[PDB]
Amino acid sequence: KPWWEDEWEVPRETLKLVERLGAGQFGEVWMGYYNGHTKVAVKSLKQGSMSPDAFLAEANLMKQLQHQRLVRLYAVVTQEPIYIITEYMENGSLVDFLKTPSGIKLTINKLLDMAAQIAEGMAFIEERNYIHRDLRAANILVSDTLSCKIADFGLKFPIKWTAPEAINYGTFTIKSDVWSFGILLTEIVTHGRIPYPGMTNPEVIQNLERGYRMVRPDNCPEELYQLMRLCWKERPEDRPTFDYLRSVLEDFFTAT
Ligand SMILES: Cc1ccc(NC(=O)c2cccc(C(F)(F)F)c2C)cc1C(=O)Nc1cnc(Nc2ccc(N3CCN(C)CC3)cc2)nc1
């Protein structure tokens with residue numbers, strides 16, 4: 001293959017962009033087709049918006065992080081406008097899905113299931129010594145069979161999902177993902193509502209420093225709430241692993 005193309009290269013002609021799923025800063029995201037019959041998602045780089053290499057580092061990363069619980073890389077097009085193509089999740093973002101007529105009717109059993117699924121994906125990430133840095137419902141995709149996969153739309157880390165040592169020292173580890181995950185759990189159980197209902201960031205900041213944690217969300221299973229508490233332990237080293245988290249969630253799930 002020529003040097004000016006990636007090992008994962010495909011001709012642009014094999015792709016047809018049909019629907020804009022989101023636009024913005026560094027490019028856009030489209031739902032499309034690969035060779036007509038195969039649905040795909042396509043992230044396109046807004047020229048000059050950021051370095052092509054900078055853009056393409058994400059795909060090089062996904063090359064080493066292939067797993068069924070994570071969005072799979074399909075190919076790339078490295079001639080402007082640069083594209084990164086992945087599989088296509090039909091039910092969109094978890095935050096949006098939890099609000100559709102279907103998502104709203106999801107039982108606590110299904111929710112715990114999806115939580116374990118995400119924990120499973122985070123367990124793989126943990127095993128590979130990678131750090132997500134933005135684990136939230138907004139970065140979780142749902143399939144037509146209602147299965148979840150971790151993603152990162154690459155969108156100042158907004159406080160509410162960011163652990164103390166991260167907000168204060170900029171130090172991110174798999175232990176801060178564990179914290180973010182605890183927050184993700186509130187989104188799941190409340191069908192997508194923003195964490196810390198009615199509190200501004202500095203209020204959340206002052207509360208955590210005092211040792212306070214988020215008020216028990218409405219209708220949240222107390223066992224689930226306590227599991228969230230573990231994710232919010234002061235010392236990063238006292239927070240659990242994702243294998244443990246997946247493990248407990250599977251038990252709550254199989255008990256419901
Ligand atoms: C195109 C693309 C290219 C790349 C990526 N990359 C990632 O993730 C990613 C990045 C870094 C690290 C990691 C890892 F560590 F976890 F490995 C990942 C993993 C994501 C996408 C990417 O965004 N893919 C995608 C988008 N939409 C959909 N479906 C999708 C999304 C939203 C809706 N929506 C419903 C209709 N509503 C109008 C708009 C929202 C409907 C389908 N399915 C897949």
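- The deposited coordinates, according to the entry record, derive from X-ray crystallography at 2.30 Å resolution.

- As annotated in the PDB entry, the protein is Proto-oncogene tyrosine-protein kinase LCK from Homo sapiens.
- The title line of the PDB record says "co-crystal structure of Lck and aminopyrimidine reverse amide 23".
- Quoted verbatim from the Catalytic activity field of UniProt, the annotation for the protein is "L-tyrosyl-[protein] + ATP = O-phospho-L-tyrosyl-[protein] + ADP + H(+)".

1. Considering the domain arrangement of the protein
Part 1: Considered domain by domain, the protein is made up of domain 1 (1-90) and domain 2 (91-256).
Part 2: Once you take the C-alpha centre of each, domain 1 and domain 2 turn out to be 27 Å apart.
Part 3: At the junction of the two partners, domain 1 supplies 14 residues and domain 2 supplies 20 residues.
Part 4: Buried area between domain 1 and domain 2, both sides added, is near 1,400 Å², and the carbon and sulfur share of it is 65%.
Part 5: At the junction of domain 1 and domain 2, the tally comes to one salt bridge.
Part 6: Residue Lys 149 pairs with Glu 87 through a salt bridge whose shortest N-O separation is 2.8 Å.
Part 7: At the boundary of domain 1 and domain 2, one finds five residue pairs in polar contact.
Part 8: Its residues assigned to classes, the side of domain 1 that touches domain 2 shows five nonpolar, four polar and five charged.

Parameters at a glance
- Residues numbered from 1 in each chain as written, not as in the entry; some residues may be left out.
- Heavy atoms only, no water.
- Residues with missing side-chain atoms left out of burial classes, pairs and counts.
- UniProt positions renumbered as here; feature names shortened; annotations may be inferred.
- Domains from an automatic or database assignment.
- Contact = heavy atoms within 4.5 Å.
- Buried area = accessible area lost by both parts, 1.4 Å probe.
- Salt bridge = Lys/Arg side-chain N within 4 Å of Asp/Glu carboxyl O.
- Polar contact = N/O pair within 3.5 Å; in protein donor to acceptor, adjacent residues only side chain to side chain.
- Nonpolar A, V, L, I, M, F, W, Y, C, P; charged D, E, K, R; others polar.

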